[PDB]
Amino acid sequence: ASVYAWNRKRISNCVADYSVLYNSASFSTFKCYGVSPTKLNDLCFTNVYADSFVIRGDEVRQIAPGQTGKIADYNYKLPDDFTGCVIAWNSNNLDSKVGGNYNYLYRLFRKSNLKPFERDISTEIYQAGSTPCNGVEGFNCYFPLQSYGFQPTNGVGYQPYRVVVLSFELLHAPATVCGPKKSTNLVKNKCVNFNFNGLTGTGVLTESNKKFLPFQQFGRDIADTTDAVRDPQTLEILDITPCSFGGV
Amino acid sequence: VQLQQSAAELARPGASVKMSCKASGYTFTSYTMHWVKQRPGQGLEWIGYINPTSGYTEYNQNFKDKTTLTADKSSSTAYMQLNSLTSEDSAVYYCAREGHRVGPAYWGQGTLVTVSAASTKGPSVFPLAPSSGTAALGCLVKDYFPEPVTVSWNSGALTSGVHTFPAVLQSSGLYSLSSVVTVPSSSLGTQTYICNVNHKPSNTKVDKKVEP
Amino acid sequence: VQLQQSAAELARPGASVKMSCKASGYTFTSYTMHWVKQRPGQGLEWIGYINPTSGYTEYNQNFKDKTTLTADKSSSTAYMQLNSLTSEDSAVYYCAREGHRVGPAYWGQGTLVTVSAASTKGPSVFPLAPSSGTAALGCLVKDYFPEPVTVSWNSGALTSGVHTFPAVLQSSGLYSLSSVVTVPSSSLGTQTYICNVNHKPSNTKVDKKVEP
Amino acid sequence: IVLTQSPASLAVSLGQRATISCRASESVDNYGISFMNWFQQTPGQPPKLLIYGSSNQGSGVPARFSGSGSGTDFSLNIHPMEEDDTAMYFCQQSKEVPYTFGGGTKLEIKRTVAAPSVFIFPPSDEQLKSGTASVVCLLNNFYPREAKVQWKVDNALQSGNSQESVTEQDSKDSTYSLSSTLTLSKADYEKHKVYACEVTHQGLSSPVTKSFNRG
Amino acid sequence: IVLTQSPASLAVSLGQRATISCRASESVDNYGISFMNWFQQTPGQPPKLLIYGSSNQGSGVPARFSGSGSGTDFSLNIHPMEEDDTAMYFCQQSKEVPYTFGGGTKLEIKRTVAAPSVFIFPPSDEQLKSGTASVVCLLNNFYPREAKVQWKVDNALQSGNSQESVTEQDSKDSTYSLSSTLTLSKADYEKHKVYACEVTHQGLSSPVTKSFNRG
Ligand SMILES: *[C@@H]1O[C@H](CO)[C@@H](O)[C@H](O)[C@H]1NC(C)=O
């Protein structure tokens with residue numbers, strides 16, 4: 001889709017497989033912020049968003065936290081935090097036609113910079129001058145959108161680039177999206193390194209009498225230390241106790 | 001998007017001209033309409049624009065006094081009123097639609113306004129005979145009003161090497177042009193050459209035989 | 001890297017064909033061996049590959065039943081066995097060595113397998129005489145098996161403007177072609193033209209004189 | 001805003017680069033974007049938008065046409081010049097309310113310099129009956145269009161009495177044609193004997209004279 | 001994997017760009033690299049590895065050949081076209097176990113459209129003795145190869161009884177040659193008088209007929 005109206009696909013309740021990101025040859029930029037690109041298969045995310053669009057090549061630098069430009073200001077803005085990855089690849093062969101490919105549009109004019117992850121699909125006439133527009137196109141009244149006009153013989157700079165932005169949400173809360181990781185069996189009365197659906201720690205997993213309400217997934221005691229957890233496969237409440245330590 | 005105007009209107013100095021531009025292919029209420037003047041073989045001069053939805057017209061400083069723009073959204077038409085015509089006003093006017101942040105973006109054909117106190121007069125065709133390889137001959141059309149006139153050779157039988165030069169406006173107020181053609185020297189005595197001059201406004205059909 | 005094959009084997013339908021590919025210029029124990037089928041004037045179809053070191057053969061789904069791949073490391077040779085031949089099997093087979101992450105990277109010439117129950121038959125050469133500037137003549141070769149036949153004009157004395165069109169397989173099971181040549185109309189009555197047709201499989205050497 | 005359009009008469013052979021330049025008195029850039037537009041007008045047709053904005057291409061415009069530049073200086077470039085490109089090209093500004101166009105550039109296909117075929121034509125007898133005499137000097141198939149024609153009546157140069165016309169460039173020959181007519185009254189025409197047309201052109205090493213004596 | 005090869009019959013003059021394109025049903029990229037390969041096959045020769053991988057050039061391959069693209073779309077480009085480039089070009093995939101080739105593109109050198117020299121040849125007397133009659137329609141030196149030949153026996157069109165052959169493009173003339181033979185029994189051949197060959201081609205304004213009467 002055009003950058004001004006970018007496609008957003010929500011991803012949840014799946015076994016995340018990022019093999020496509022590593023096996024593909026087309027990708028030109030594979031930037032990641034807040035996560036490491038190679039470690040994406042060892043993480044559990046609460047929810048994922050895949051925002052896909054087509055941009056000009058020279059503007060691919062604008063898809064990043066804390067950047068400025070026409071695309072960042074008026075088309076697609078990334079938040080300053082942005083734990084996630086931007087993947088962009090040249091698509092000159094697929095998104096360019098002899099003559100001109102004018103399907104793809106961007107937003108030239110807007111009253112103010114759009115907030116992070118905000119989409120503006122309105123096509124109202126922009127009032128650049130003092131005179132009100134009243135829906136007509138005139139001297140200072142302009143159509144907000146503008147065609148990229150992609151042609152095969154263009155500088156790598158002005159060639160189309162397809163961009164996909166993945167927005168991970170990383171938190172101790174129960175994560176729906178996870179890597180395969182081949183879950184294993186669990187033992188009770190041994191100090192173990194446990195990975196419970198993203199929760200990770202070192203301790204013994206005793207059987208627990210905690211009464212968990214169905215929506216509850218783990219327990220935190222005073223001072224907010226995780227002391228109980230329910231395993232996804234069995235749905236039983238286990239107390240996490242740190243294995244004994246002490247000065248000698 | 002198509003724009004259609006009137007056709008080649010002639011008026012005497014001091015009169016007024018009403019010029020129409022029908023619009024089709026779009027809403028006509030969302031795009032302002034501009035008018036552009038062009039002298040024959042000269043540059044383009046922007047006249048003024050009108051907003052169809054609200055009758056806010058902005059004119060050029062030069063054209064402010066003698067021009068008035070109006071619009072009828074019911075019939076999706078625009079009109080230009082030219083007042084106090086002079087010889088300088090004879091030109092081709094275009095109606096254009098706003099687009100791509102260009103003022104006069106999408107132009108419609110073009111209508112020629114001719115300002116002159118003259119009247120329709122039949123042309124006179126005078127044979128320019130070959131002078132006594134390749135020889136040259138032709139016929140001269142003089143004192144006709146107004147343009148255009150169709151000139152042919154032997155009802156289209158002689159087309160190669162034909163040059164019918166564009167007419168020029170004389171000081172007397174009429175038009176004079178020349179049609180010439182190059183013929184073989186062996187064709188001097190045998191082949192008959194006749195130039196046909198057609199002046200529909202004066203309904204003048206003249207067939208002039210050029211002989212050496 | 002050189003790969004050498006058998007030469008133009010002919011078999012009747014239902015029989016089996018044993019095909020060999022000698023390998024030289026490399027170890028032959030470190031590169032797998034692929035086979036590719038190509039019908040005449042058609043696309044390429046991959047058949048299957050064999051690992052020389054360990055006889056792990058992987059075939060295409062289409063060729064799995066009727067094909068068997070084997071290899072002898074002692075003589076550095078590969079073999080393909082085609083069983084239950086049909087008319088569709090008549091094609092050129094290539095043996096290729098793996099390389100550059102390509103399956104069939106380095107190809108070795110090509111061996112033609114012709115599946116047909118027909119038998120060798122001598123060609124018949126029939127003079128296509130000129131019709132009563134430049135005229136055309138030639139001779140037509142009909143009902144010969146198998147390809148190829150060598151056609152010349154006056155033992156190579158007439159080469160310019162000679163077109164010997166490739167033979168086509170007729171419904172009767174034989175091959176027919178035509179050899180044509182354009183000659184000056186002046187040499188119609190004077191120059192003697194003879195087409196020489198040589199069919200090695202049938203040992204038919206026929207020298208046909210074409211006259212107008 | 002006043003736009004100066006450098007070369008306003010450019011001749012380039014087919015397949016060669018053609019450059020038409022527009023220079024603005026004040027800046028045309030506004031709101032980050034540029035408002036310089038390139039229009040094309042073929043003879044007998046309304047102007048057509050080629051390049052809206054500094055570089056964006058209009059509807060149905062081949063890749064040959066390219067617009068570049070910014071601020072006050074812009075350029076229109078046509079590298080694969082074709083036959084259909086023979087037209088008047090204008091540069092226009094949309095930054096300020098009074099839209100102003102460029103001087104205009106007539107694009108011509110270049111060819112080798114050709115010798116003009118010069119001929120002369122005395123006035124017809126029927127015209128002489130009407131008391132008017134028009135003497136015609138005709139130049140056929142000459143390139144380029146740059147040529148000067150002078151009238152000599154009794155070895156005296158004439159001024160302000162000749163009207164000349166130039167037929168547009170030939171579609172195939174690519175050569176101009178010229179025709180200059182000198183008009184006189186019958187009494188003035190019969191008062192002189194020798195009438196000459198003296199022409200100078202690039203393809204002529206020395207100016208060519210074509211003359212006739214009345215009678 | 002199914003590979004569709006756009007243009008599979010490309011005619012480009014010498015020194016001009018030639019583009020053959022391959023599209024894949026599924027992605028061909030794996031392990032970071034791409035597994036699309038381009039092969040070249042001259043007539044009477046085994047296919048030769050031209051471009052291994054998406055862009056890597058094979059052994060002894062001139063710089064003219066270039067491979068580009070990724071994902072499912074790949075292109076082979078030959079900008080300095082030469083005489084030796086006349087061959088069949090294939091695109092092949094090495095990502096999956098069943099190796100699949102493209103449709104194949106026969107690359108021809110382009111020239112001006114030429115008129116076919118049409119001739120008609122009656123069956124020989126010796127052949128007529130054998131109870132068979134083959135009538136030949138011959139087209140010499142015609143470009144392009146696109147042409148249609150129809151047989152008319154007593155102003156009646158024939159179908160399913162003619163076998164035609166086309167000789168490959170000439171090395172120097174760059175023109176195709178065609179020969180269509182209509183086969184009949186002697187009894188059927190002698191039952192009709194007028195035999196005509198009607199040919200339509202791009203270089204002919206109207207279809208050309210060549211006819212003869214038996215005897
Ligand atoms: C899903 O959970 C049920 C109940 O605990 C278990 O029997 C089943 O084996 C689990 N699925 C897999 C694939 O192990």
# chains A, B, ... in the order shown; residues from 1 in each chain; ligands from 1
$ residues_around --residues "residue 185 in chain D" --least-positions-apart "4" --cutoff "12 Å" --atoms "only C-alpha atoms" --output "ChimeraX atom specification"
/D:123,127-135,161,189-192
$ residues_around --residues "residue 76 in chain C" --least-positions-apart "6" --cutoff "9 Å" --atoms "only C-alpha atoms" --output "list in words"
residues 21, 22, 23, 24, 27, 28, 29 and 52 of chain C
$ interface_residues --of "chain E" --to "chain A" --cutoff "8 Å" --atoms "only C-alpha atoms" --output "number ranges by chain"
E: 29-34, 69-71, 73
$ write_last_selection --atoms "N, CA, C and O atoms" --output "compact mmCIF listing (two decimals), in the first residue's frame"
# COMPACT_ATOMS: atom_id res chain seq x y z
N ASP E 29 15.11 -17.81 -2.90
CA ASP E 29 16.16 -17.44 -1.96
C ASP E 29 16.19 -18.43 -0.80
O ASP E 29 15.14 -18.84 -0.31
N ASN E 30 17.39 -18.79 -0.37
CA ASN E 30 17.56 -19.65 0.79
C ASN E 30 18.99 -19.48 1.30
O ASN E 30 19.92 -19.27 0.53
N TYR E 31 19.13 -19.57 2.62
CA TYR E 31 20.42 -19.40 3.30
C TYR E 31 21.05 -18.04 2.99
O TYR E 31 22.27 -17.90 3.01
N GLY E 32 20.23 -17.04 2.71
CA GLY E 32 20.75 -15.72 2.42
C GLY E 32 21.04 -15.49 0.95
O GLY E 32 20.77 -14.41 0.42
N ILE E 33 21.60 -16.50 0.28
CA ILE E 33 21.90 -16.39 -1.14
C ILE E 33 20.67 -16.76 -1.96
O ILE E 33 19.67 -17.26 -1.45
N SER E 34 20.75 -16.50 -3.26
CA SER E 34 19.70 -16.84 -4.21
C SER E 34 20.14 -18.03 -5.06
O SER E 34 21.33 -18.21 -5.33
N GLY E 69 18.12 -9.53 -9.78
CA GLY E 69 16.83 -9.85 -9.21
C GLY E 69 16.95 -10.71 -7.96
O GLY E 69 18.04 -11.14 -7.56
N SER E 70 15.80 -10.96 -7.34
CA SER E 70 15.75 -11.72 -6.10
C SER E 70 14.32 -12.17 -5.87
O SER E 70 13.43 -11.93 -6.69
N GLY E 71 14.11 -12.83 -4.73
CA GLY E 71 12.80 -13.32 -4.37
C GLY E 71 12.25 -14.29 -5.39
O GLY E 71 12.71 -15.43 -5.51
N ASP E 73 11.51 -12.86 -8.69
CA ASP E 73 11.68 -12.17 -9.96
C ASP E 73 13.16 -12.03 -10.28
O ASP E 73 13.91 -11.45 -9.49
$ residues_near_ligand --ligand "ligand 1" --cutoff "8 Å" --atoms "only C-alpha atoms and all ligand atoms" --output "list in words"
residues 233, 234 and 235 of chain A
$ write_last_selection --atoms "C-alpha atoms" --output "PDB file, in the first residue's frame"
ATOM      1  CA  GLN A 233       0.829 -26.735  28.890  1.00  0.00           C
ATOM      2  CA  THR A 234      -0.469 -28.071  32.224  1.00  0.00           C
ATOM      3  CA  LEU A 235      -2.034 -24.985  33.901  1.00  0.00           C
TER       4      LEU A 235
END
$ atom_distance --atom1 "CA of residue 213 in chain E" --atom2 "CA of residue 199 in chain E"
18.1 Å
$ closest_residue --among "D:8, D:120, D:18, D:109" --to "chain B" --atoms "only C-alpha atoms"
D:120
